[PDB]
Structure formats: C-alpha cells, structure tokens
Amino acid sequence: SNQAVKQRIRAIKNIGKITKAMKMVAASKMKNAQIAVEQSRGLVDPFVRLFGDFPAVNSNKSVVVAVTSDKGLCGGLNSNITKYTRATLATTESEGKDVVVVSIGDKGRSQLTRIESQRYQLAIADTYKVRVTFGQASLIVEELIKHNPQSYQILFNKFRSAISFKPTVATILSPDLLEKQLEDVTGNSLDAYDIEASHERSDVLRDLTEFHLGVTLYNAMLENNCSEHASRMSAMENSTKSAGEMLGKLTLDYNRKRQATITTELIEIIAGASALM
Amino acid sequence: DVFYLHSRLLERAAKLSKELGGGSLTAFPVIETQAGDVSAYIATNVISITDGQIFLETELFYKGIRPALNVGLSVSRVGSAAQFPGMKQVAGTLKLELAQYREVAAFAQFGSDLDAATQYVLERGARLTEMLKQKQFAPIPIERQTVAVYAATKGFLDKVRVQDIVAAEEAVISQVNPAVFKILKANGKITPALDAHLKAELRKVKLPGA
Amino acid sequence: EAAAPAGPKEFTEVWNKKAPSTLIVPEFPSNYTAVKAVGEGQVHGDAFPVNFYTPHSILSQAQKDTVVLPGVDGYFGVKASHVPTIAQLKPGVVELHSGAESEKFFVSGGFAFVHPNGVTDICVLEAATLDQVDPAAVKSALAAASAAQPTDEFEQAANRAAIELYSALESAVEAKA
Amino acid sequence: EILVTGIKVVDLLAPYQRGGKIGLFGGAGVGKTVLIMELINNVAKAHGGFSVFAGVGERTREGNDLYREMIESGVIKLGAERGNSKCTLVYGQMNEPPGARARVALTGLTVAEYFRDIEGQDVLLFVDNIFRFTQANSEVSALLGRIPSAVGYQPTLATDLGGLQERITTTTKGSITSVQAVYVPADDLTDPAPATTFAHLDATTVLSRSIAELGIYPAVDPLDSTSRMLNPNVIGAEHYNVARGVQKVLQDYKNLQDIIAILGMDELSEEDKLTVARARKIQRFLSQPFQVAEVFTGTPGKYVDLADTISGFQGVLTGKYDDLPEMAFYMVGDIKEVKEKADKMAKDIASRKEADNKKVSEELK
Amino acid sequence: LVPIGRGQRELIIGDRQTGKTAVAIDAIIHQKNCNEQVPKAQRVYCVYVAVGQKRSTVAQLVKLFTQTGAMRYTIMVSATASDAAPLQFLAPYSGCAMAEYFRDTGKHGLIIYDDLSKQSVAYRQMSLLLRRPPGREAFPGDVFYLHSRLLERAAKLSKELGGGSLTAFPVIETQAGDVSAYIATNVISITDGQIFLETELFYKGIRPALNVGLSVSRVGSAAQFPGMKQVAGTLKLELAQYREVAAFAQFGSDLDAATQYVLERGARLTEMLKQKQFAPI
Amino acid sequence: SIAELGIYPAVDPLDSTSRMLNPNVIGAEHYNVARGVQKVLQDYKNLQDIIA
Amino acid sequence: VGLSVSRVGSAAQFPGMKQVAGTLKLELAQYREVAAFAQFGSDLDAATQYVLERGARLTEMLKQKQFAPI
Amino acid sequence: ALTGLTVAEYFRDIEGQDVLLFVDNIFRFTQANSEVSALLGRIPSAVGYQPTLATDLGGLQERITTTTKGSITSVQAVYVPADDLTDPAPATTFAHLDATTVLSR
Amino acid sequence: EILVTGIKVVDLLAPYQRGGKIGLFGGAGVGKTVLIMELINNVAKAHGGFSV
Amino acid sequence: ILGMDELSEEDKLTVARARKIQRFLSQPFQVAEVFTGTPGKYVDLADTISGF
C-alpha cells in the first residue's frame, strides 16, 4: 500500500511547480499591462471633472455593467464584484426602475446568472483573448447603445497595487434625459462652457456621453485585466505554499510509512528465523 | 510491555488522601519527538497515561516565540478548576483571545483581506503572544503574573504596536505598587476592593511605548 | 429639475443602509482625480496646464502657453485664461507650443475641453505625430476615397469623413516647415 | 429498539441499540473517556437498571474522580445505605501487572452476567478501554512460549477477544447494553486488535484526531461511525433519510477537501459553495457542550432531544437556516439555541465599548 | 455490469462497513422468488456459511430467512467467534461439503463464504501454535492453498456426471481499500470475478457501493440474461464515460455543453443502480 | 490503469520492451516509428499532470 | 544528470572537455530548474526561454545510437 | 574511532592540550556497529539497526567532553541515510550534536 | 565556553562549543577537506592543542 | 517576478548590506595557499563581532 503516497508526492510536487510557473506568468503579465493602465487612466479624469460624479440618481432604465475575467483562476475577484453588483444595484433601486445587467467576461455569466437572471440580457465573452483595444470598447458600447437607458453603472476593480483591489462604479448618464437635467444648479453649470459644435448642445452631448461610455468601458476592461493578472499572481502563490505544506506533510508520512514497512518486514524475518532454530 | 513500563512508572504521581498524610507528587515526563508527530508509539502511549500535555511546537520556537507552547493542542483538564483563581478570572478570557488569534491567524496566512475588526483580534493576539513569552531561567511568581496578564487581557497595552512589550511587561511590573502583590497573593483572587485598585494603578503607567 | 441629490460623498451613506455592513464602500472616479473644474486659480501666469490625452497613451501633461485646436468652426488657439469650452474637433492638427519650441500633432477627431480654472483636457482617439505619417499613400487614399460613391447614407458619411481626413492630412503635410 | 442518548451526532448518525453493543474508538486524546462519562451522565440515570463500570487499564485518577462523582451524585450511597446504590465498579487500572489487566474485563463481565442471568434485568456494562485487555494478553504472550503474530500481538487474539465479546449480548432472560471504549494503538485502524474489535460491535462510534484538532467536541467522525439501527425499518423513514442526507453532504465535502486545500473556495462553482457551506454548518452542528465537560469550560451542558436533532439537521440539510454563519452552530444545544446564539453573535459586533465612566472604580464608595 | 453465472466463483470484497453481506443476502433472498417460478431441475439451494461472525448476527439472519421464507432452501453454517480457531478454519470447507451434495446430484448450488479474511486468521492461530514458521504478515505461505483447495471446489460439472453446478461467493474484508493486503491478493487471483465495494461511494449515495471501474467478471456476457446483454452493453460504457468527465470537472474549470450531457447521462444512471436493503427485482 | 481506461488489451505502451528492438535486426523504419510512438506517449504522460 | 555525480569530479577530466563541460553542466543545471516550463511555451520571459531552448539544444545533443562509441 | 579517542585522550589528559577530533562520517560508525551487532546474533531493532545503538554510540560520544585537564572537541561529519531526520541513526546522533554547520553547493 | 577556530562564520553564527560535538553536513567538492585542514592548522597554531 | 528596481528604499539598503555581508563571511585559508597564493588570515572573535 506504499505506492499511493509516493505517486501522490509526485502529483503534488508537479502541481507545486505548475503554480510556481503560473505565479511567474501572472506577475509578468501584470507588468506589461502596467505600461498601459496609467496611460488608459488618462481619459477617466476629464469626464468626471466635467460631468461630476452622480451615481445615486433615480434612473428609469439603467444598464449596470459588471466586467469580469475570462479564466477562472481569479482569487477573490469575480465573486467580489458579483456581490458588489447586487450591493450597488440594491441601494440604487427605490421605485422599481428598468435594469439591464450586462456582464463582460466568461466568469460573469457563470456567477451573475444565479442572483440576477431576470434582469440579465448581455454576456460579452473572450474579451481578453489577444489584448484590449479601443474599437472593441466602441463596439460593446454601441451594443449597449442599441437600447436607450437613462444611466450606466460600470462595476470594475481598480488596480491600485498588487494587494489592494477596490471595486469601482463608473457612472455614465443619458445626455438630454438625465445628464443636462442633473447639472441644473441655479440655471445650468454647463452653460458657462461655450459650445463649439456643429449642431446644438442636445446632440453634441449624445456624442460626448457615447464617447464617455466607450472610454470608461475600455478603462474598465483594462483595469480588470491588470487586476486579474495581479489576483492570479496572489492566488498562484497561495497554491504554491499550499502544495509546499501538503508536500511536506506527505513526505513526513512517506518517511513514517517507509520506516513502518521496513520494521514490519524485518520483524517478519526475525520471527521466521528464531522460531526455526 | 513498554506501556506497562511507563504506566507503573508514572502512576505513582498522586495526590494522597487526608488520612494518608495529605502529600502529593507531580510528574513531568519529557518525550523526545521526531518531526513533531503525535502518532508515534511512545508518544501515544504516554499521552494515554499522563493527565495532560504541554506541546512544544518547532515552528513556534523557530520564530522567536520562546517558550513555544502550542496552546491549541496543550490541554490539562485536572488543573483547570483546581488552580489559582485570581489568575483564573482573566485566564479564561485569555484562552478565548488566544483561540480567536489561532483561528484568525489560520484564516489569514497572508494579509490581503482587511475587515478592521478582525484586525483588532490580530493585534490583540500578537500582543498577548509577546506578553506571554519570556526569557530563559526566569521564574515569575503568580502575583507578578496575574498583574501582567491582567494588564494585557484588558487594555493598558495597545499603545505599543507589538514590539516594546518586552520592555512593557517589566515596566508595568516595576511601576505598580508592590503592596498590591502581597494582597493578590494572600487573598487568592481579584476582589473588587482590589479590582478598583488594579484599574486605578494601570492608567498612570509610564509606558515606554508610544 | 435636479430632484436627485446624488454625489460620491452622499453615496456612502445611502450605501450603508441596504448593503450589509461587512464591506468597504466601492470607490468612484471622483476619488482618483485632484485637478478639478471650479477650483479657482491654476493659471499662475502664462503657463496654463495642458492635459493632452489618448486612450492608449499619454503624450503630454506638462504646461503650455498656446494650444491650437482644429475645431469644426475652424482652428482656434487656446491661451492661459481661456473661455470654458466644449469643442468638437475636426480631423486635423493640434499645435503644442510651450514658448520658443513648437511641436505639431495630427489628431483624428475627438473632443477637447477647457474648464474655468484655465486647465485644458485634450481628448482625441488617435493622436498621430507628423513624423510617422506618410505623404505618399495619402493621395492614393484620397483616390480610393474619391472613387467609391454608392447610395448608402452610412457609406456616404464614412466616405465624406475619409475625404475630409485625407484632405486635412494633405494640407497638413504639404505646407510643413 | 432505539436507545436515546441525548448526544447529537450519536443519536443522528450511529444510534445505539438498547439491546446491543456500543464501541468508542479513540486515539489518545480525542476524548473517548469524556464521551463515556457524558454517556453515563445521560443514560445511566434515566436507564433505571443496574450499571457495571469495569475499568480495564485506564488512569487511576479517573477512577477516583468517578468514585467521588458517583458518591456525591447519589449513584453510590455509603454507610447504612449500601443497598440503594446503582453501580458496581471493577477496577484493574493501569498500575496493575498485565496478568491483572488481562482478566478484570472478565470480572466486570461476570458481575454483569449475574445481573443478566439470575436477576434478569437490563444491565449497563461500561467497559473502559477494552484494548488494554488485549495489550495485557499480548505482554503475557511474549513469554508464554508462543510465536509473535501480526504487528506484535498474540497468535490467539481473535478467539480470545471473541470469547470475551460474545458473552456481552442480550439473552432471552436479560439484556446487557455494553459501552466499550476501544483505544486504537497509534491512530492505526489496521491494527489487528481494533480490526478484530470492529466485527463485534453493534453500533461503532469512532472518534478521530483531526476533528478534535478543529475543536469540535465530541470528535466523532460522522462518516465512519455507523450502526445497525441506522435502517429505515426501525427508526422511521424521516430519520433515516435525514441521516443519509447529512452523510451525503459530509462525504461530498471530504471529497472536495483536496481542491479546497490546493486552490481554495474561490475556484469552486456556486452549487459547490452551497454544498461546502451546508457541510461546514452541519459539521460544526454535531458539536455540543457536554454536561461533564462543564468542569473545565464553564459552558453549561445541554441535553438534546431526538426530535430536536431531527428538526435542526433536517433544517440545515434543506436550507431553512442558510443565512446563519458557521460560528452560530459551534458549541450549541439545538436549533433554538442556534438562533439564540446568532442573536448574541450579531449583538456584540457593534456594542463593544462604553465602559469609561459609571463604574464602581472611583475611590470613595 | 458484473453478471454471475452458475459455476463462477465471484468475490465480494469491500471495506469494513460497505454493503458486503447485504448484497450477498439479496442473492439468497431472491432465490426464494426464482425457485417459486422455475421448475424442479434448475433450482438453486443457497448455503450461507458464517466464519467468525457475531452470534447475534447469525441469529438475526435466521430471523430474516424465516421472516421471508428463505429458510426453506438455506443451510446456515455458523462458526461464531466463540468457536475456537480450528472450527473457523474448517467451516468454509464443511459448508462446501454440505453444498457439494447439490453439485453431486445434478441440482445447482450456491455457497457464500462470509469473511474468508477471518478464516485465514483462524488458520493463522493454529499454524502459529503448532510451531509452523510464519511467512507474510504472520501467515504461513500455504494460505493460498488454504483458499485454493476450497474455492476451486465450486464448479459446474459436465453432463455425464450429473450436470450440476456450485456458485461460490467468497467475502473479503479489507482495511482502508487496501487491495494490496496479503489475504485479499490471494482471493482476487483465484475467483473469476471481483465485486469491489468502496466506502466513500457508500456514503455518496451509491448503495450497493459497487466500484464499477474495478468490478469485472471473467465469465463475462456469455453467462447473463439474454435481454440484458443487448441493452446494458452500452451501460458499462456509459458509466465508463462518466468517470473521466467527472474527473475533470471537479475543479470548477470549464464545461463543453455536450460532455455536460454525458456527465448528466451518467448521473441518471448512477442514481439508477441504487437499490434498497432487502429488495429483489 | 490502462485497463480502467478501457484499452483492451491493456498493454503498457512504455514499459513493454524487447531485445528485438534494435534497428540493425528489424530495419530502421520500424524502430524509428516505435521510438516516435514511445516519445509521443511519454510527452502525453508528462503533460497529463497539467491536462488533469 | 541531476543525480548522477562523480566524486572524483573534473580533476581527472580530459582537458579541452573540461573547458566546455563546466559551462555545459552549468546551463543544464539552469535548464533542470527551468524545466517543466516548456508546456507554457506561449509565455516567454525572453531569457528563461533562451536557457530553455539551450537546454533543449544540449539534452538532444548527448544522445547515443546503441553501441556507437565515439 | 575508539583508537582515535585513545590517541585524543592521551593528548588531552597527559599532554594537557586542547585537542580536536574528527570522526569521519559517524553514520558509518553506526553502520559498522550495526554490522557487528547483527553479526553476533542479536535481534535487530528499528528500521534495521542494532539493539545497542544508543548505548554503543554513547560509549563513543561521551568520552568527547571537556575535562579539568583539557578538552576534546570533535567535528563529526553527519550523513542522513534517506535524508530523513526521523531515521533513528540521525535521531540518535543529533541528541549529542551541539553545533551543526551546513556546507552548501 | 567558545572555541575560537578563526573562521568568521563558524565563530559568529554557529559557534563551536569548546568540548562539545560538531556536525558537518558536507558533500563532494564543497571544500570540506580544506575546512578540516584549516581547522587543524588554526587550532594547533593558536590554542596549543593537536588534532586527530 | 517583479523586477530588480521594484523594491523600496527601506529594503534595498539591506539587500546591499546582505550582499556585502555574505561575501564577507568568506576567508582565505592558510592551508590552501599552496595552490591559491594568497596567504590566510586567522581572525579573532571580538574583531569579528565589532566588524560585523
């Protein structure tokens, strides 16, 4: 029966080297996205210093977008924003608004279908296949724009460092229905900005909020990618420690089983010999 | 007959009756362990004879926690509800805080999730672990021990991070009135007449930690 | 009119009532920015700060004294205490000047903003420098653009954008210093 | 027929036959003797018949503690009232030489068999650590001119253990409910003395070390202890079906433990997180604070009725209490006390403070 | 999946508490139902020998056989653990002699050696007490000849000698799924089949806990009911394709939506092979 | 373990060897494809700790 | 190569072979640590993959051909 | 090694010096004593060793102490048989070792 | 008391108890014989004691 | 897995200190000067403690 614990040591040791390889993979790929996230952080400040930050608005129809990962080696990432989806979708509902939950990533449809399926319409997958590109963001934004909600909420994890992943709600409002309505403070705080558009303000704000949605969704599915590499890094160095301690315990049990088998089969020989002569 | 060897050796450590002199005898058998296995032959033989255990873990000794008492596996159920009761007031709370620290240290083998109230447990347990450990060949009497565990199971020591408790224990031993030590020794327990003094003296302490 | 008192600091207390208390409040993009709109000042002479942006890169964030934006009513220059502006730009060249040095960047179409604090936020998709563009295949690109003329309004819009973009590239490649 | 014991994991997963044999398999520090003292404190008072406690090679101090318990609890009455007593101790504890530990089980069995045959009443034979009888015979058998068998034991182990253990059974004239601790030698269930002892016990309750390492007391392994009364012809279909449900969930958790150790609970699907959450709740819920363990813990012991076991365990199997956390099921009596502890557990998470003033600790009172 | 023909030694091996005896008793119980339907010549007369079992267990089985009516056809050779080791060494042999009368005279016989791993212990006691030198683990080397002299007596004779048969059912108790034990490794090579029962399948709901990857019968589909051969010929394949698709999906990694069906199809089959305590179908 | 994978006969493809596997005895085109099949099966065996 | 050692060492090695075998076993010792990473061939590090392909150069270099003494 | 202890004891007690000793590979002294105690017909102990392992190793290691005359410091190379510190030869060795010095590659 | 052997690492980190026992976990080619010879030379040069 | 220039200033001073301590634990040995040329240096203990 001593052949089980040796092949189990063989299995756990190569699992340990697998995760010792994939911690290298994830911590490497966290850095090649780090030359792009702070660059993709460039267009997220002008819109919020222009439009403000107004999440808790009584929208009539709203598309909340919870962008998740592709491969399910996340480690406190996908289910985190899955619970954050209902936690930021429940404080916003007070009068029964239309809600269109959209999940980006293959690990979104596997988890968000359980809690909110009746308000679940779009599941965008294979988005981190090659890399993240802006025209992909424009296309998914247009596929949200086919419907005409009154607001948007974008649930994504802000990659600040390799330890802290605070999820964020990026807010995108409807241009004439709610965006210009929320700026009404003693007139309009937007009218001090002089328009330099072709047509009126009412259809340049449409272009502005479509660009805002596309930019912030691009930033969301880049920051979730970089925090996914960071969280797979933080999860593959716990599997390495786990397959280190499991290998240590199984090596101790292999040594104890080795000593027990050699002592028992030696006792067998001595009991066979002294009961003969 | 190795079990009979250790049995007839250890079974003579008794607390005799009041008609047979009232004497006693306390054993302390020390069993060498190889790679910390409790499931040996000699270890599991002597555990089924002895009235308790004091498990000394190798990993806790390597990290500078000396003595390395594994408080999870170390049980002695004849001495609890037979001990010095002034210790036993705060010692049950100490057991709960050490058990909570064991549980949350197992739940956080690496620091990634912060709940800001479990961090109070992870602060208190690393405080109490630093309070309980001591230097070699240094006996501490029970009256200078009840005060040092009283001033740590409660507050009065959270002002240091974790570090200078090695100065703070001898600091609170020095800066209390040594009259209260005679009271806590002779009385046996922390009376409210001494509990209010113990709360009173513990706030005027010149603690070297800030 | 504005009957919804929203906000990031108000969202903390309305988040504390329905969600369970064990979780930290999620963050907002207002916490990741410090250069605001109505924060008065931020001019300090002739050098006004310029936030030149791009989705995939950041090409300039240092301070300039003149920026010329190819707006749809024409190219117009931005000074220190400029007017608050929401400007949709034509496909053309933006002109980055810090003083005696002048660098010119061809932009592909995208908005540009000035806020009341004198800071600018130039927000364009593809900001191609004039050293990496060619003057050879632009005439062939216009010859492709001046050929395919079907009846679809979608193709008419994309083809007219092609004509205007390629003609702006020709005008911004032939008259170079 | 059923024997109601008042322990949760015992009455649910391996219920004891009133006319059968009861085994406790322990590995030096898992608490088979504390479990048998709680089994005494539950059964031997309500079960009005005579009881025989034969200590075979356990600690002498525990024999003296049992004597000082059974004197002041009215089980043994001394002086002029020797007739009212309900227990007879036969004590061959571990200081006696291995001749004397090799027959003191037979002495306690003869005292039980006189109450079975001639008196004709139902006897509770509480044999303490019957493996020490095999140990004393093995120590003798090294010198008796015999050959050593497997691991170190007697050649005549099986027929000796049979010749003891087939006496302790319930005849047409009397009944002997036998509760025996069986010390496993070195956490080694393939050892021939526990391997022979498994075949003789009607309702084996195996105590493990790993479950004791998680603090779950009593540390009964719920997936290896079984009975012959765990069958839908004697206990009704609801109890058997809830028992098979809780064993199914625990077996699925013990399957998932490898992937939980390597990867964690993050990698698992949501139905498997449901199974793991239910399994942790029913794994802590088998724990209870004992009435004999209150001498070293301060927690008051709780007797759990069989209907409350079936109510609580059926509820946590179907999902009536999924909202409660894990710690609400730790060291609790039954499902009323679970929600009572969930009330206490919630309450202290905020009210933790405010003791600075209005104390007696001013100087002048 | 492991069909049993008349003249086959089929081994019922498990852990301590699996469905070992109960899957044997169902073979005896059902021979009340068949023999009340088949003619006189093809009647099966069961013999259940008990080696080293508890004497209360044997009084339960004769309570059970007289409760269902199986005692009309069953001999019950009890070698309890009160009996000395020279009795439990002998009782599988003498049970076979009481069963070989039915193989002598043209009828069909059935014998179930309960726990032959306790016959080897009762042979280990005498051989270590007659001063024979121990070999493996304490057993003398001829403990294979202990069982091979016995299990090879179960045979289906030829048509000139009466045409009888005798189906064996040796029962073997392992420790922890230790099929590498010395006593078990003898009997697995002797018997034509193997019905290996596992305890971690027994608590997962599979009752009988037939570890269907490890249960084979060398007599095979030549000796089964003809209606079940054409039908269940894909059954052992459909359970075979259940295990490796359940050996991959356990991590929570990925589904293929068609191998999700072949894992679902095996799940309608895994719950299909469960049966009750004393139920003959 | 090959028999449990259903390959009948359950011949272990790696550890089955022969002295008739020398290319100067049986010709090289047999030994090349045999060592190729052995190499491909050994790569699959080294990979099935990661495919698993 | 990771287990098979000569306790004499390179002191009685053929010179000229000693000039090259010390670098050979050094790259092979780096190879056996960067071994079991060839299955993640899509993920490079551009230097661990260089020593990985050089270990694949040298490990397939030292093959023999069945009574071919060189 | 007892001859080595004798020449070291003459350099310690008579010459009054501070003597070093080098027991080369104490596991082979364990193996030689195991061979002479399996040779004479004594019943072998745990994993394969002599029954007199502890006392006939302590007969060697306990002449290696300080004395009021001089001292003997011995530097014994220790080899672990299966690289297992639960093995009884390093378990009975390491209860005498005072300072270990790991040499690395 | 301590034995000053002269090496910095075995006098600083893991000191040599004068009169005690020392364990070397050596190997091949790691310079164990050079370590032995230097220990002998240093102790015979300084402490006035021989070696065996 | 992160990079050489990644760590903070509180640690990389200790990285330099350990990388100059670990080479400082070496010593020229007098018995190896017959084929290394450099003569050995016997080090006292108090000098080792102070200079470390």
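Per-chain residue numbering starts at 1, and chain names A, B, C, D, E, F, G, H, I and J are given in the order in which the chains are listed.
Note that in this section a contact is a pair of C-beta atoms (placed from the backbone, for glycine too) under 8 Å apart; a residue touches a chain by one contact, two chains touch by 3 or more.
These are the chains along with the protein names UniProt gives them: A = F-ATPase gamma subunit; C = Mitochondrial ATP synthase subunit delta.
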item	value
Most heavily contacting chain pair (counted by C-beta pairs in contact)	A-C
Approximate Å spacing (C-alpha centroids) for the pair subunit D, subunit G	60
Centre distance in Å when subunit F and subunit H are each reduced to the mean of their C-alpha atoms	50
Rounded Å distance between subunit C and subunit G, as computed from the means of their C-alpha atoms	56
Residues of subunit I whose C-beta touches two or more other chains	29, 35, 40
Contacts with 2+ other chains: residues of subunit G	none
Set of all touching chain pairs, with the criterion as stated earlier	A-B, A-C, A-D, A-E, A-F, A-G, A-H, A-J, B-D, B-H, D-E, E-F, F-G, G-I, H-I, I-J
List of subunit A (F-ATPase gamma subunit) residues in touch with subunit H within their complex	252, 255-256, 258-259, 262-263, 266, 270, 274
Touch list for subunit D against partner subunit B, complex	27-29, 57, 59-61, 93-95, 97-98, 135, 139, 142, 183, 185-188, 209, 213, 215, 295-296, 298, 349, 359-363
Subunit G residues within the subunit F interface of the complex	39, 66
Subunit E partner contacts - residues on subunit F that touch it in the complex	4-6, 52
Subunit A (F-ATPase gamma subunit)-touching residues of subunit F, taken from the complex the two chains share	49-50
